[PDB]
Amino acid sequence: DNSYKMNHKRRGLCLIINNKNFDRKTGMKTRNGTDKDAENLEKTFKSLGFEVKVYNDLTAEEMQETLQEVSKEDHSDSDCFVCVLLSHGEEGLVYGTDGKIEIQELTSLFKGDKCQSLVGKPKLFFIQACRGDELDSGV
Amino acid sequence: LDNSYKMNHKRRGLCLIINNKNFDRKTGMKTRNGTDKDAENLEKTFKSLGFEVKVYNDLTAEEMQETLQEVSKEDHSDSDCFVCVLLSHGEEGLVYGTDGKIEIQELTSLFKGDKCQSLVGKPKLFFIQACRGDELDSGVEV
Amino acid sequence: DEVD
Amino acid sequence: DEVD
Amino acid sequence: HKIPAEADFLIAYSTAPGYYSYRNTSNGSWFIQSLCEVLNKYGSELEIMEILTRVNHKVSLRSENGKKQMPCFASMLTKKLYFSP
Amino acid sequence: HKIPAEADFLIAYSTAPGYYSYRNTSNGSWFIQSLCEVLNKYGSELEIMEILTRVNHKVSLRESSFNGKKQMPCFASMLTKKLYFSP
């Protein structure tokens, strides 16, 4: 009642969305260095037991469809689910290659009443993206 | 120690409770009966943890801002941390004074390291009892 | 129960 | 260094 | 040789972003009463994250309209926090 | 009986609400690089909240190059139990 059951048949899926190159209409710069992030995450989460799948340069529509497909996959024998988003963003929003999508449009795909095989299981999202225009000058 | 806050200072620190129950009719906000039980339980609980507990009842937005700003200019050198509890109506990012709304960030930002040197490196905890919107969680069968 |  |  | 101006804050919300938060007019809010229950039993022993997770769990197992509530806490803490007696 | 539909989510952001997040073109982003460092050293030992608190620590002590700036990661937890990546 106090710790998640983490001894299922498999740890579960780690899904990495790695957006580096953006359409010209977005005006967003190329995210040089993000391929090193994706590769580090792959080795790291694989050593923790996860199966790992990387997607690169997805449109906003492709991000929603990919995560929707994952929310319909067979998680019953898994401990948990991990999603990593690497992109540009603003508060509450992340960039596809062609434009923005709300983070809640992605996370809501995995809520209890929509993804039954993950009910009661940890759903972890790691989000590398800006959340606004404010600068922290420190102390 | 590198991994744990130093929690053995001469004082634990302040626990500041803003308990807003009665609202100006121009706000259209209902009286928040039950909140006095929250404030009473909180004072007992946090007194038992070593805090100096201060309860403020029915503060306007200006009073909430000025109350916290004064506290942010006190000498916290001998305190482990600072705790603030807000009991009110709210919406995303906002809570009600008795006379109207105020941004939560306007209250938390008074305590940032660049403005409150004697809390630098020390925990600043805010507990917020307020709505954050009007979505309903119907749950799922387990 | 009421909402805040 | 760059921003996202 | 500075630290972020936003460092060492922790905001513990009664409910998830976008949602209602419930208050019982006889006994008080679901979140504060669970917070006090957990702090009274475990507060001199557990780290703050364990405390707040138990509060999450306690509130998640309640009802009534028959609705549910999920608290949410956001941490910019840099170390473990114990309310050492 | 029932559990909330939003239960058992954890969102770990690279930065605090409202703020920029930094990415180095040769090393990768400050947040991901520290996240992997901590996971690689302690991932099979510590609870997830403890891991993410150390990530907060490491990034906060990292400084940019818009020069001389800092970053504070922020994680939001709707988890109901302790989470270990048991080997």
# chains A, B, ... in the order shown; residues from 1 in each chain; ligands from 1
>>> interface_residues(of="chain B", to="chain F", cutoff="8 Å", atoms="only C-alpha atoms", output="VMD selection string")
chain B and resid 3 137 to 142
>>> interface_residues(of="chain A", to="chain F", cutoff="8 Å", atoms="only C-alpha atoms", output="PyMOL selection string")
chain A and resi 1-4+6-7+31-37+40-41+44+48-49+90-91+111-113+120-138
>>> write_last_selection(atoms="N, CA and C atoms", output="compact mmCIF listing (two decimals), in the first residue's frame")
# COMPACT_ATOMS: atom_id res chain seq x y z
N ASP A 1 0.83 -1.20 0.00
CA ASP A 1 0.00 0.00 0.00
C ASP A 1 0.87 1.26 0.00
N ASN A 2 2.18 1.08 0.17
CA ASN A 2 3.08 2.21 0.28
C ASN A 2 4.13 2.29 -0.82
N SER A 3 4.37 1.21 -1.56
CA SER A 3 5.34 1.19 -2.65
C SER A 3 4.68 0.61 -3.89
N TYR A 4 4.99 1.19 -5.06
CA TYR A 4 4.49 0.61 -6.31
C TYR A 4 5.08 -0.78 -6.50
N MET A 6 6.95 -3.20 -8.39
CA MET A 6 7.93 -3.04 -9.46
C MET A 6 8.62 -4.36 -9.79
N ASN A 7 7.89 -5.48 -9.67
CA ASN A 7 8.41 -6.80 -10.01
C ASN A 7 7.56 -7.49 -11.07
N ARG A 31 17.91 22.34 -32.85
CA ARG A 31 18.25 22.07 -31.45
C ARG A 31 19.51 21.20 -31.37
N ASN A 32 20.63 21.80 -31.77
CA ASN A 32 21.90 21.08 -31.77
C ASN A 32 22.30 20.69 -30.35
N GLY A 33 22.69 19.42 -30.19
CA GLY A 33 22.91 18.81 -28.90
C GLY A 33 21.81 17.85 -28.47
N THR A 34 20.63 17.93 -29.08
CA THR A 34 19.55 17.06 -28.62
C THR A 34 19.78 15.59 -29.00
N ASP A 35 20.55 15.31 -30.06
CA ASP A 35 20.82 13.90 -30.38
C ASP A 35 21.67 13.25 -29.31
N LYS A 36 22.60 14.01 -28.71
CA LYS A 36 23.37 13.48 -27.59
C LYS A 36 22.47 13.22 -26.39
N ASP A 37 21.48 14.08 -26.14
CA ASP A 37 20.50 13.81 -25.09
C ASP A 37 19.78 12.50 -25.34
N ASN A 40 22.02 9.46 -24.76
CA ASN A 40 22.27 9.24 -23.34
C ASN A 40 21.04 8.64 -22.67
N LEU A 41 19.85 9.15 -23.00
CA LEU A 41 18.64 8.63 -22.36
C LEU A 41 18.42 7.17 -22.72
N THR A 44 20.75 5.00 -20.69
CA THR A 44 20.41 5.10 -19.28
C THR A 44 19.16 4.30 -18.94
N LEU A 48 18.20 0.53 -16.77
CA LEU A 48 17.21 0.39 -15.72
C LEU A 48 16.15 -0.65 -16.03
N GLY A 49 16.25 -1.34 -17.17
CA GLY A 49 15.34 -2.42 -17.50
C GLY A 49 14.31 -2.08 -18.55
N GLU A 90 6.72 26.37 -24.71
CA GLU A 90 6.31 27.46 -23.82
C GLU A 90 5.56 26.85 -22.65
N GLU A 91 5.08 27.69 -21.73
CA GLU A 91 4.34 27.14 -20.59
C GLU A 91 3.15 26.32 -21.06
N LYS A 111 -4.54 8.81 -18.83
CA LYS A 111 -5.31 8.87 -17.60
C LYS A 111 -6.06 7.56 -17.38
N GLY A 112 -6.51 7.36 -16.13
CA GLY A 112 -7.04 6.06 -15.73
C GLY A 112 -8.19 5.59 -16.60
N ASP A 113 -9.16 6.46 -16.85
CA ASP A 113 -10.34 6.01 -17.59
C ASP A 113 -10.07 5.82 -19.08
N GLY A 120 -3.14 2.56 -11.75
CA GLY A 120 -2.40 2.20 -10.57
C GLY A 120 -0.91 2.08 -10.77
N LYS A 121 -0.42 2.42 -11.95
CA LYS A 121 0.98 2.30 -12.28
C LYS A 121 1.57 3.68 -12.56
N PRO A 122 2.84 3.89 -12.24
CA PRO A 122 3.44 5.21 -12.46
C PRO A 122 3.54 5.53 -13.94
N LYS A 123 3.17 6.76 -14.28
CA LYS A 123 3.29 7.32 -15.61
C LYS A 123 4.18 8.55 -15.51
N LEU A 124 5.40 8.47 -16.04
CA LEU A 124 6.42 9.48 -15.81
C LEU A 124 6.73 10.21 -17.10
N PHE A 125 6.67 11.54 -17.06
CA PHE A 125 7.01 12.35 -18.22
C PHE A 125 8.19 13.25 -17.86
N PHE A 126 9.24 13.19 -18.68
CA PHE A 126 10.38 14.08 -18.54
C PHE A 126 10.35 15.06 -19.69
N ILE A 127 10.39 16.36 -19.39
CA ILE A 127 10.13 17.36 -20.41
C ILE A 127 11.29 18.35 -20.44
N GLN A 128 12.12 18.27 -21.49
CA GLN A 128 13.16 19.26 -21.75
C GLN A 128 12.61 20.23 -22.78
N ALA A 129 12.26 21.43 -22.32
CA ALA A 129 11.74 22.51 -23.15
C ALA A 129 11.60 23.75 -22.28
N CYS A 130 11.66 24.92 -22.91
CA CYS A 130 11.41 26.14 -22.17
C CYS A 130 9.96 26.19 -21.69
N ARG A 131 9.74 26.98 -20.64
CA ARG A 131 8.39 27.17 -20.13
C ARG A 131 8.04 28.65 -20.05
N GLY A 132 8.72 29.49 -20.82
CA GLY A 132 8.45 30.92 -20.82
C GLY A 132 9.72 31.68 -21.17
N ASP A 133 9.65 33.00 -20.97
CA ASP A 133 10.71 33.91 -21.39
C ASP A 133 11.51 34.48 -20.24
N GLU A 134 11.36 33.94 -19.03
CA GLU A 134 11.96 34.56 -17.86
C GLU A 134 13.36 34.03 -17.63
N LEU A 135 14.24 34.92 -17.18
CA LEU A 135 15.65 34.61 -16.95
C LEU A 135 15.91 34.56 -15.45
N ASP A 136 16.65 33.55 -15.02
CA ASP A 136 17.05 33.43 -13.62
C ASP A 136 18.50 33.89 -13.53
N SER A 137 18.72 35.05 -12.91
CA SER A 137 20.06 35.59 -12.74
C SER A 137 20.74 35.13 -11.45
N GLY A 138 20.06 34.33 -10.62
CA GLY A 138 20.72 33.69 -9.50
C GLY A 138 20.85 34.58 -8.27
>>> residues_around(residues="segment 13-15 of chain E", least_positions_apart="4", cutoff="6 Å", atoms="only C-alpha atoms", output="list in words")
residues 128 and 129 of chain B; 21, 31, 70, 71, 72 and 73 of chain E
>>> interface_residues(of="chain B", to="chain E", cutoff="9 Å", atoms="only C-alpha atoms", output="number ranges by chain")
B: 2-8, 12, 32-39, 41-42, 44-46, 48-50, 91-93, 108-109, 111-115, 120-139
>>> select_by_dssp(residues="chain B", states="alpha helix (DSSP H)", output="ChimeraX atom specification")
/B:35-48,61-72,104-108
>>> decode(residues="chain D", atoms="C-alpha atoms", output="compact mmCIF listing (two decimals), in the first residue's frame")
# COMPACT_ATOMS: atom_id res chain seq x y z
CA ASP D 1 24.71 27.37 -24.63
CA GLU D 2 21.31 27.91 -26.26
CA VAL D 3 17.69 28.05 -25.08
CA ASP D 4 14.75 25.82 -25.98
